[PDB]
>>> print(open('work25.txt').read())   # compact mmCIF, C-alpha atoms and all ligand atoms
# COMPACT_ATOMS: atom_id res chain seq x y z
CA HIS A 4 4.38 28.13 -21.87
CA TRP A 5 5.21 24.42 -21.83
CA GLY A 6 5.03 22.36 -24.97
CA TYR A 7 7.03 19.81 -26.94
CA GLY A 8 9.63 21.96 -28.72
CA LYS A 9 13.38 22.36 -28.12
CA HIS A 10 12.99 25.27 -25.76
CA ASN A 11 9.84 24.25 -23.89
CA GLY A 12 9.62 20.47 -24.19
CA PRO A 13 9.89 17.66 -21.65
CA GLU A 14 13.47 18.40 -20.58
CA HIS A 15 12.36 21.90 -19.50
CA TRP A 16 9.19 21.04 -17.63
CA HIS A 17 10.88 20.48 -14.26
CA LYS A 18 11.61 24.24 -13.90
CA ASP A 19 7.91 25.15 -13.65
CA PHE A 20 6.86 21.70 -12.33
CA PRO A 21 9.54 20.24 -10.04
CA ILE A 22 7.51 17.02 -9.59
CA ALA A 23 8.78 16.20 -13.12
CA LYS A 24 11.75 14.61 -11.31
CA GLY A 25 9.50 12.88 -8.77
CA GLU A 26 9.19 9.34 -7.55
CA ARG A 27 6.19 8.17 -9.59
CA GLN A 28 6.43 9.88 -12.97
CA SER A 29 4.92 8.67 -16.23
CA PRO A 30 5.27 7.30 -18.82
CA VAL A 31 7.68 4.41 -18.25
CA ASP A 32 9.18 1.62 -20.23
CA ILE A 33 7.36 -1.60 -19.53
CA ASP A 34 9.97 -4.32 -19.23
CA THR A 35 7.79 -7.34 -19.97
CA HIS A 36 10.20 -9.81 -18.51
CA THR A 37 10.41 -8.01 -15.14
CA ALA A 38 6.67 -7.28 -14.84
CA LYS A 39 5.15 -9.84 -12.51
CA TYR A 40 1.91 -11.63 -13.02
CA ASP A 41 -0.42 -10.82 -10.14
CA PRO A 42 -3.22 -13.35 -9.57
CA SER A 43 -4.59 -11.00 -6.85
CA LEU A 44 -5.78 -8.59 -9.56
CA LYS A 45 -9.61 -8.64 -9.62
CA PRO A 46 -11.24 -8.75 -13.02
CA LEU A 47 -11.19 -5.49 -15.11
CA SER A 48 -14.46 -3.91 -16.06
CA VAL A 49 -14.89 -1.32 -18.82
CA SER A 50 -18.58 -0.34 -19.01
CA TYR A 51 -19.07 2.18 -21.78
CA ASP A 52 -22.60 1.27 -23.04
CA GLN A 53 -24.08 4.56 -21.75
CA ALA A 54 -21.12 6.83 -22.53
CA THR A 55 -22.27 10.19 -23.80
CA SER A 56 -19.76 12.28 -25.67
CA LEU A 57 -20.20 16.04 -25.89
CA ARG A 58 -17.47 17.78 -27.74
CA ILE A 59 -14.08 17.48 -29.36
CA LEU A 60 -11.40 20.11 -28.70
CA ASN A 61 -7.93 21.03 -29.93
CA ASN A 62 -6.33 22.00 -26.65
CA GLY A 63 -2.96 23.05 -28.14
CA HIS A 64 -1.18 19.82 -27.07
CA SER A 65 -3.50 17.10 -28.36
CA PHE A 66 -7.15 16.74 -29.29
CA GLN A 67 -9.64 15.53 -26.69
CA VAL A 68 -13.08 14.01 -26.88
CA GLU A 69 -15.08 15.00 -23.78
CA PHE A 70 -17.87 13.17 -22.06
CA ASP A 71 -20.77 14.18 -19.91
CA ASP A 72 -19.59 12.83 -16.52
CA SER A 73 -22.49 14.27 -14.44
CA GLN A 74 -24.07 10.85 -14.08
CA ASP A 75 -22.82 7.38 -13.40
CA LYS A 76 -22.22 6.34 -16.98
CA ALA A 77 -19.05 5.02 -18.59
CA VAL A 78 -17.16 3.50 -15.70
CA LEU A 79 -13.89 1.69 -15.25
CA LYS A 80 -13.56 -0.61 -12.26
CA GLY A 81 -11.95 -3.86 -11.16
CA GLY A 82 -8.41 -4.79 -12.05
CA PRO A 83 -6.12 -2.96 -9.67
CA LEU A 84 -8.79 -0.40 -8.79
CA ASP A 85 -10.72 0.07 -5.59
CA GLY A 86 -14.07 1.64 -6.25
CA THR A 87 -15.35 3.17 -9.47
CA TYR A 88 -13.84 5.64 -11.88
CA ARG A 89 -15.84 7.70 -14.34
CA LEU A 90 -14.82 8.53 -17.94
CA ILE A 91 -14.27 12.24 -18.53
CA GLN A 92 -12.28 12.40 -21.77
CA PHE A 93 -9.97 10.64 -24.14
CA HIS A 94 -7.06 11.98 -26.15
CA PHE A 95 -4.01 10.77 -28.06
CA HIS A 96 -0.27 11.18 -28.35
CA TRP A 97 1.45 10.52 -31.69
CA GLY A 98 4.57 10.95 -33.73
CA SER A 99 5.88 12.66 -36.83
CA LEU A 100 6.72 9.18 -38.17
CA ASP A 101 5.13 5.76 -37.62
CA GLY A 102 8.20 4.62 -35.63
CA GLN A 103 7.47 6.86 -32.67
CA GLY A 104 4.61 8.57 -30.88
CA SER A 105 3.67 6.43 -27.90
CA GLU A 106 4.49 7.55 -24.35
CA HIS A 107 4.76 4.14 -22.75
CA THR A 108 7.13 1.74 -24.46
CA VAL A 109 7.22 -2.07 -24.31
CA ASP A 110 10.73 -3.46 -24.04
CA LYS A 111 11.81 -0.10 -25.52
CA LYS A 112 9.41 -0.48 -28.48
CA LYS A 113 7.68 2.75 -29.45
CA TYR A 114 4.25 2.54 -31.08
CA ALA A 115 2.88 5.02 -33.63
CA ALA A 116 0.50 6.54 -31.09
CA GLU A 117 -1.16 6.02 -27.72
CA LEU A 118 -4.75 6.56 -26.66
CA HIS A 119 -5.54 7.72 -23.10
CA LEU A 120 -9.04 7.18 -21.67
CA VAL A 121 -9.10 9.30 -18.55
CA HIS A 122 -11.32 8.43 -15.58
CA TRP A 123 -11.72 9.96 -12.11
CA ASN A 124 -12.43 8.25 -8.79
CA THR A 125 -16.05 8.96 -7.88
CA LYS A 127 -15.13 8.95 -4.16
CA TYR A 128 -13.64 12.47 -4.70
CA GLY A 129 -16.78 13.93 -6.27
CA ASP A 130 -15.28 15.48 -9.33
CA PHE A 131 -12.22 15.59 -11.51
CA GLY A 132 -10.53 18.66 -10.04
CA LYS A 133 -10.56 17.23 -6.53
CA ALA A 134 -9.60 13.77 -7.76
CA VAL A 135 -6.33 14.98 -9.35
CA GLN A 136 -5.22 16.18 -5.90
CA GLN A 137 -5.31 12.58 -4.64
CA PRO A 138 -2.77 9.77 -5.11
CA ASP A 139 -5.56 7.42 -6.30
CA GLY A 140 -7.63 10.09 -8.03
CA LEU A 141 -7.39 9.00 -11.65
CA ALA A 142 -7.27 5.80 -13.65
CA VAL A 143 -5.97 6.16 -17.19
CA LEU A 144 -6.50 3.33 -19.64
CA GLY A 145 -3.70 3.43 -22.21
CA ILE A 146 -4.00 1.73 -25.56
CA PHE A 147 -1.25 1.51 -28.16
CA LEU A 148 -1.82 2.22 -31.85
CA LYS A 149 0.07 0.55 -34.67
CA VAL A 150 -0.24 1.32 -38.35
CA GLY A 151 -1.93 -1.39 -40.43
CA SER A 152 -5.61 -1.98 -41.06
CA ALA A 153 -7.96 0.91 -40.41
CA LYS A 154 -9.92 1.14 -37.17
CA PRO A 155 -13.49 1.77 -38.36
CA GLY A 156 -14.54 3.10 -34.98
CA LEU A 157 -11.90 5.81 -35.15
CA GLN A 158 -13.03 7.26 -38.45
CA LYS A 159 -15.70 9.57 -37.00
CA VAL A 160 -12.95 11.16 -34.95
CA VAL A 161 -10.56 11.47 -37.91
CA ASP A 162 -13.20 13.12 -40.08
CA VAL A 163 -13.96 15.95 -37.65
CA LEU A 164 -10.29 16.94 -37.21
CA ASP A 165 -10.23 19.40 -40.10
CA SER A 166 -12.88 21.38 -38.18
CA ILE A 167 -10.54 21.76 -35.16
CA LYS A 168 -7.25 22.27 -36.94
CA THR A 169 -5.92 24.93 -34.56
CA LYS A 170 -5.52 25.50 -30.83
CA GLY A 171 -8.74 26.45 -29.09
CA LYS A 172 -11.14 25.22 -31.74
CA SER A 173 -13.93 22.90 -30.64
CA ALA A 174 -16.84 21.08 -32.29
CA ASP A 175 -19.99 19.28 -31.19
CA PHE A 176 -19.23 15.60 -31.00
CA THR A 177 -22.16 13.64 -29.71
CA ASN A 178 -23.02 9.94 -29.84
CA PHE A 179 -19.45 8.74 -30.22
CA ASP A 180 -18.98 5.25 -28.82
CA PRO A 181 -15.55 4.71 -27.33
CA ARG A 182 -16.09 0.92 -27.33
CA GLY A 183 -15.04 1.11 -31.00
CA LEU A 184 -11.51 2.07 -29.93
CA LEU A 185 -10.84 -1.02 -27.73
CA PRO A 186 -8.82 -4.06 -28.74
CA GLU A 187 -10.19 -7.59 -28.30
CA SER A 188 -8.18 -8.43 -25.21
CA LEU A 189 -8.17 -6.52 -21.91
CA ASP A 190 -4.88 -8.10 -20.75
CA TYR A 191 -2.92 -5.24 -19.14
CA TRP A 192 0.04 -3.96 -17.18
CA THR A 193 -0.54 -1.62 -14.24
CA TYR A 194 1.64 0.67 -12.13
CA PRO A 195 1.31 3.90 -10.08
CA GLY A 196 2.25 7.06 -11.92
CA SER A 197 1.41 10.55 -13.02
CA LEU A 198 -0.10 12.80 -15.63
CA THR A 199 2.29 12.80 -18.57
CA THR A 200 1.89 16.56 -19.14
CA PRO A 201 2.20 19.46 -16.76
CA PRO A 202 1.19 19.73 -14.01
CA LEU A 203 2.54 16.12 -13.88
CA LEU A 204 0.52 15.30 -10.79
CA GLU A 205 1.19 11.93 -9.18
CA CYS A 206 -2.46 10.90 -9.10
CA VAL A 207 -2.81 8.17 -11.71
CA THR A 208 -3.23 4.40 -11.60
CA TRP A 209 -2.02 3.44 -15.09
CA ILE A 210 -3.61 0.52 -16.85
CA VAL A 211 -1.88 -0.15 -20.19
CA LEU A 212 -3.39 -2.75 -22.51
CA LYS A 213 -1.02 -5.28 -24.03
CA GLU A 214 -2.90 -5.56 -27.34
CA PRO A 215 -2.57 -2.59 -29.63
CA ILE A 216 -5.27 -1.43 -31.96
CA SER A 217 -4.48 -1.06 -35.62
CA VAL A 218 -5.19 2.18 -37.41
CA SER A 219 -4.46 2.97 -41.04
CA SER A 220 -1.65 5.11 -42.31
CA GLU A 221 -4.31 7.52 -43.63
CA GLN A 222 -5.92 7.81 -40.18
CA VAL A 223 -2.70 8.75 -38.36
CA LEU A 224 -1.67 11.04 -41.24
CA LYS A 225 -4.78 13.07 -40.44
CA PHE A 226 -3.70 13.40 -36.77
CA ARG A 227 -0.47 14.93 -38.10
CA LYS A 228 -2.32 17.64 -40.01
CA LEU A 229 -3.49 19.24 -36.77
CA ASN A 230 -1.72 22.33 -35.53
CA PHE A 231 -0.26 23.27 -32.13
CA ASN A 232 -0.70 26.94 -33.04
CA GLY A 233 -3.88 28.97 -32.98
CA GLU A 234 -5.60 30.28 -36.13
CA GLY A 235 -3.69 33.06 -37.84
CA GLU A 236 -0.39 31.99 -36.26
CA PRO A 237 2.54 30.38 -38.07
CA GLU A 238 1.74 26.72 -38.79
CA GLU A 239 3.36 24.24 -36.44
CA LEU A 240 2.23 20.67 -37.06
CA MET A 241 0.91 18.88 -33.98
CA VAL A 242 3.33 15.93 -34.05
CA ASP A 243 5.58 14.31 -31.41
CA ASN A 244 3.38 15.37 -28.52
CA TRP A 245 4.71 12.56 -26.33
CA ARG A 246 6.80 12.59 -23.17
CA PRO A 247 9.63 10.02 -23.19
CA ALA A 248 9.90 7.25 -20.65
CA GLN A 249 10.81 8.31 -17.10
CA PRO A 250 12.76 6.45 -14.42
CA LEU A 251 10.84 3.59 -12.80
CA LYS A 252 12.47 4.28 -9.41
CA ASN A 253 10.84 2.39 -6.59
CA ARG A 254 7.97 0.86 -8.54
CA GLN A 255 6.77 -2.54 -9.72
CA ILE A 256 4.78 -3.06 -12.88
CA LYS A 257 2.19 -5.83 -12.46
CA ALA A 258 0.70 -7.96 -15.29
CA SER A 259 -2.86 -9.22 -15.35
CA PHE A 260 -1.83 -12.22 -17.47
CA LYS A 261 0.68 -15.02 -17.46
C1 LIG B 301 -6.08 14.45 -16.94
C2 LIG B 301 -5.43 13.80 -18.12
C3 LIG B 301 -4.76 14.74 -19.06
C4 LIG B 301 -5.51 15.76 -19.67
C5 LIG B 301 -4.91 16.69 -20.57
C6 LIG B 301 -3.57 16.53 -20.92
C7 LIG B 301 -2.81 15.47 -20.33
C8 LIG B 301 -3.40 14.58 -19.43
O1 LIG B 301 -2.61 13.57 -18.86
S1 LIG B 301 -2.38 12.22 -19.43
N1 LIG B 301 -1.54 12.38 -20.80
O2 LIG B 301 -3.67 11.52 -19.55
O3 LIG B 301 -1.57 11.54 -18.43
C9 LIG B 301 -2.86 17.51 -21.83
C10 LIG B 301 -3.66 18.68 -22.34
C11 LIG B 301 -4.76 19.02 -21.38
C12 LIG B 301 -5.69 17.83 -21.14
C13 LIG B 301 -7.00 18.20 -20.45
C14 LIG B 301 -7.09 19.57 -19.89
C15 LIG B 301 -6.53 20.71 -20.79
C16 LIG B 301 -5.84 21.40 -19.71
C17 LIG B 301 -7.21 21.76 -21.54
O4 LIG B 301 -7.94 22.63 -20.78
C18 LIG B 301 -6.01 22.50 -22.18
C19 LIG B 301 -4.88 21.49 -22.20
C20 LIG B 301 -5.59 20.23 -21.82
ZN ZN B 302 -2.23 11.49 -22.39
>>> encode(input="work25.txt", output="structure tokens", more="lines below")
Ligand SMILES: CCc1cc2c(cc1OS(N)(=O)=O)CC[C@@H]1[C@@H]2CC[C@]2(C)[C@@H](O)CC[C@@H]12
Ligand SMILES: [Zn+2]
Amino acid sequence: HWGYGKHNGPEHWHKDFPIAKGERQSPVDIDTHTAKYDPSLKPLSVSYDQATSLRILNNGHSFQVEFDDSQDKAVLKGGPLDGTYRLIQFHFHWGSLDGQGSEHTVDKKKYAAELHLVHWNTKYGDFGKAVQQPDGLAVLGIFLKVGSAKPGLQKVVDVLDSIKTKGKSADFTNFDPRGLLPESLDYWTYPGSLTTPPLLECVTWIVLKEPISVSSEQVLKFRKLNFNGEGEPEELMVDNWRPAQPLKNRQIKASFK
């Protein structure tokens, strides 16, 4: 029954999911001055040329674009990662206003939205086993700011009216997630968690420094989605972000000087 409202939002999650108050929770504020450049970080490799999207789904908390992960296609490796991680889905978090919506913050700055490209460590065979491991997932996080439109996002925006409500899905093939990436792959990285229940501490976070720009019209369409199912009172899907959590005993590393 978790969600993002007053009675079931982030401050309530710890009752059903005690790990909410754990030692490696996400998101976090990225203090850019305290993050240390790490020249030990191997180069970061995003190989999406063969990515094959299947479907887009309103899951009641966000919308997600799913990929066929049954073959070695669409892999993230290098950077802080050992081994190879396979793309399974992407989704977003966003606000009711352009001044909020991101989960991670940068020197307390909130972006209008945040994209999560979720990948699982192939050493664990599939996603459900990977999330039970401390190094099971790698999530590539990309900030969105409102400005120029992102042409590569438009195909996603245009299908949203077909999945307005919780539980609706639509075929969504041939979508190329390379169109959602900024020019630079400079990043911050730290060990953390899923940002929604069950809040499992299984994620290596890789957060790109360079945001992508999307237009006001594009994010406005995100905000027309509904948290509710069809035939239920309309509740706009907005502010589906968890706030920053305590850093505790963790160091954020930068790939750049
Ligand atoms: C693993 C990253 C992941 C996946 C999902 C969410 C959150 C997630 O963590 S995060 N934000 O990348 O750190 C929130 C909604 C989830 C979704 C995938 C699985 C679902 C559970 C759907 O079945 C229904 C709700 C969906
Ligand atoms: Zn997410």
>>> closest_residue(input="work25.txt", among="A:229, A:77, A:241, A:91", to="residue 161 (chain A)", atoms="all atoms listed in the file")
A:229
>>> residues_near_ligand(input="work25.txt", ligand="ligand LIG 301 (chain B)", cutoff="6 Å", atoms="only C-alpha atoms and all ligand atoms", output="JSON, numbers by chain")
{"A": [62, 64, 119, 121, 198, 199, 200]}
>>> atom_distance(input="work25.txt", atom1="CA of residue 221 (chain A)", atom2="CA of residue 108 (chain A)")
23.1 Å
>>> residues_around(input="work25.txt", residues="residue 184 (chain A)", least_positions_apart="5", cutoff="10 Å", atoms="only C-alpha atoms", output="PyMOL selection string")
chain A and resi 118+146+148+154-157+216-218
>>> residues_near_ligand(input="work25.txt", ligand="ligand ZN 302 (chain B)", cutoff="10 Å", atoms="only C-alpha atoms and all ligand atoms", output="PyMOL selection string")
chain A and resi 29-30+64-67+93-96+105-106+117-121+143-145+198-200+244-246
>>> write_last_selection(input="work25.txt", atoms="C-alpha atoms", output="PDB file, in the frame of the given file")
ATOM      1  CA  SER A  29       4.920   8.670 -16.230  1.00  0.00           C
ATOM      2  CA  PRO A  30       5.270   7.300 -18.820  1.00  0.00           C
ATOM      3  CA  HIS A  64      -1.180  19.820 -27.070  1.00  0.00           C
ATOM      4  CA  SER A  65      -3.500  17.100 -28.360  1.00  0.00           C
ATOM      5  CA  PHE A  66      -7.150  16.740 -29.290  1.00  0.00           C
ATOM      6  CA  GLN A  67      -9.640  15.530 -26.690  1.00  0.00           C
ATOM      7  CA  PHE A  93      -9.970  10.640 -24.140  1.00  0.00           C
ATOM      8  CA  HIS A  94      -7.060  11.980 -26.150  1.00  0.00           C
ATOM      9  CA  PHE A  95      -4.010  10.770 -28.060  1.00  0.00           C
ATOM     10  CA  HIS A  96      -0.270  11.180 -28.350  1.00  0.00           C
ATOM     11  CA  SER A 105       3.670   6.430 -27.900  1.00  0.00           C
ATOM     12  CA  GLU A 106       4.490   7.550 -24.350  1.00  0.00           C
ATOM     13  CA  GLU A 117      -1.160   6.020 -27.720  1.00  0.00           C
ATOM     14  CA  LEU A 118      -4.750   6.560 -26.660  1.00  0.00           C
ATOM     15  CA  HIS A 119      -5.540   7.720 -23.100  1.00  0.00           C
ATOM     16  CA  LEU A 120      -9.040   7.180 -21.670  1.00  0.00           C
ATOM     17  CA  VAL A 121      -9.100   9.300 -18.550  1.00  0.00           C
ATOM     18  CA  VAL A 143      -5.970   6.160 -17.190  1.00  0.00           C
ATOM     19  CA  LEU A 144      -6.500   3.330 -19.640  1.00  0.00           C
ATOM     20  CA  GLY A 145      -3.700   3.430 -22.210  1.00  0.00           C
ATOM     21  CA  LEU A 198      -0.100  12.800 -15.630  1.00  0.00           C
ATOM     22  CA  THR A 199       2.290  12.800 -18.570  1.00  0.00           C
ATOM     23  CA  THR A 200       1.890  16.560 -19.140  1.00  0.00           C
ATOM     24  CA  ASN A 244       3.380  15.370 -28.520  1.00  0.00           C
ATOM     25  CA  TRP A 245       4.710  12.560 -26.330  1.00  0.00           C
ATOM     26  CA  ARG A 246       6.800  12.590 -23.170  1.00  0.00           C
TER      27      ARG A 246
END
>>> closest_residue(input="work25.txt", among="A:260, A:97, A:51, A:191", to="residue 179 (chain A)", atoms="all atoms listed in the file")
A:51
>>> closest_residue(input="work25.txt", among="A:98, A:215, A:194, A:169", to="residue 238 (chain A)", atoms="all atoms listed in the file")
A:169
>>> closest_residue(input="work25.txt", among="A:74, A:55, A:61, A:99", to="residue 224 (chain A)", atoms="only C-alpha atoms")
A:99
>>> residues_around(input="work25.txt", residues="residue 178 (chain A)", least_positions_apart="6", cutoff="10 Å", atoms="all atoms listed in the file", output="PDB file with C-alpha atoms, in the frame of the given file")
ATOM      1  CA  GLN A  53     -24.080   4.560 -21.750  1.00  0.00           C
ATOM      2  CA  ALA A  54     -21.120   6.830 -22.530  1.00  0.00           C
ATOM      3  CA  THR A  55     -22.270  10.190 -23.800  1.00  0.00           C
ATOM      4  CA  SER A  56     -19.760  12.280 -25.670  1.00  0.00           C
ATOM      5  CA  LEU A  57     -20.200  16.040 -25.890  1.00  0.00           C
ATOM      6  CA  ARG A  58     -17.470  17.780 -27.740  1.00  0.00           C
ATOM      7  CA  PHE A  70     -17.870  13.170 -22.060  1.00  0.00           C
TER       8      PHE A  70
END
>>> closest_residue(input="work25.txt", among="A:202, A:225, A:89, A:125", to="residue 16 (chain A)", atoms="all atoms listed in the file")
A:202
>>> closest_residue(input="work25.txt", among="A:220, A:170, A:11, A:133", to="residue 236 (chain A)", atoms="all atoms listed in the file")
A:170
>>> atom_distance(input="work25.txt", atom1="CA of residue 188 (chain A)", atom2="CA of residue 79 (chain A)")
15.3 Å
>>> atom_distance(input="work25.txt", atom1="CA of residue 209 (chain A)", atom2="CA of residue 183 (chain A)")
20.7 Å
